[PDB]
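Consider the single chain below, provided in structure tokens and representing the form deposited without this ligand.
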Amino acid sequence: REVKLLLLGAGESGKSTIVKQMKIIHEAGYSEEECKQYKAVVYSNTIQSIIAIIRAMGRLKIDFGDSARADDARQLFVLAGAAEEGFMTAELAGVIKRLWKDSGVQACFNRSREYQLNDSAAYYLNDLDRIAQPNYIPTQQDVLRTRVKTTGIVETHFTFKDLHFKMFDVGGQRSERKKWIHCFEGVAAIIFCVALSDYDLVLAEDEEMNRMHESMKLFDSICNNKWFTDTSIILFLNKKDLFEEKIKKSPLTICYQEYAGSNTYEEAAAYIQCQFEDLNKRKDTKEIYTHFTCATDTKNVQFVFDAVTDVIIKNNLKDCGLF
């Protein structure tokens, strides 16, 4: 009835992005007042994050595209106090919206690698309209996107098809991987995110290494893990939308030298999927449920997730001795 899900994958694979969606798609998670407790923290983080960018601007000698934005910046600090107290007025909201859209602010944000920026900056700022709404009640991810300090493991609760799901999510980067073992306990199914678009990118930890090759290493370990023999295994080729366009621009041989297919979404995407599914040492006794997803797309994620749920209900239910 429950179903603990665990999101695994290398860094920047969009694991948390999935959590963003579940909050909206699913409701009635017996958590209304609890989310209200975190409303003040969400707003507080939004203000500090945009101020983090603006802070970097001065450091980098970046001016707002529109001179008027400077006035919006001055006001931001005055009104910011209200957001910190759990209230976001129409004035405070609009000010943050204009700064976020400005060409100069976006110039800094884009070079966020240069300075420390709030992880949830692009989450609340892009979704600013929704959280600024009257009587805003945070959802599962909205809470998870609070507190600059590391909370630990991103947890999420939502009911779907009369199943109380506890979805969990942990950093992908090499450093965070250690924590994964904590989550290994009580896991019904695993969704392993892989960045399709990362085929020509390299690890932040090591420019020399390929992000997607890294992802293959992790998937090999989870799928063939004795502990996860009984746990359902789901592959989530994420960032399909990014991959569809990117493949046209860049060749796939960057990742897979042996690949001799065309630079098309269907062939290249289908080729990755093949590399990962092959890792399954036990093709005969172990199944992988693969779907192409776009974490930012609420619709697409809902549809794929529905299919995943059916797999859990039919598979996870009773222990199996044979096969």
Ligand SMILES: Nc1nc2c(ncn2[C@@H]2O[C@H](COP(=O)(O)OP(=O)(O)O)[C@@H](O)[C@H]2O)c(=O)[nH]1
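Start at 1 with the first residue shown and count on from there.
Keep in mind that the form solved in complex with this ligand is not shown, yet the notes after this line are about it.
Trainee: Select, from the options 86-94, 231-239, 126-134, 159-167, the stretch whose residues sit within 4.5 angstroms of this ligand in the entry with it bound by heavy atom distance.
Mentor: In the other structure, the partner sits against 231-239.
Trainee: Is there a non-hydrogen atom of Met22 within 4.5 angstroms of a non-hydrogen atom of this ligand in the entry with it bound?
Mentor: Contact with this ligand, no.
Trainee: Give a yes or no for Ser120: in the entry with it bound, does one of its heavy atoms lie within 4.5 Å of a heavy atom belonging to this ligand?
Mentor: Result yes; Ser120 sits at the interface with this ligand in the entry with it bound.
Trainee: Give a yes/no on whether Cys294 approaches this ligand to within 4.5 Å in the entry with it bound, heavy atoms considered.
Mentor: The answer is yes: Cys294 has a heavy atom within 4.5 Å of this ligand.
Trainee: Would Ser16 sit within 4.5 Å of this ligand in the entry with it bound, counting heavy atoms only?
Mentor: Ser16: yes, in contact with this ligand in the entry with it bound.
Trainee: Of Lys101, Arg111, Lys217, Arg147, which one comes within 4.5 Å of this ligand in the entry with it bound, counting heavy atoms only?
Mentor: Checking each option against this ligand in the entry with it bound, the one that comes within 4.5 Å is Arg147.
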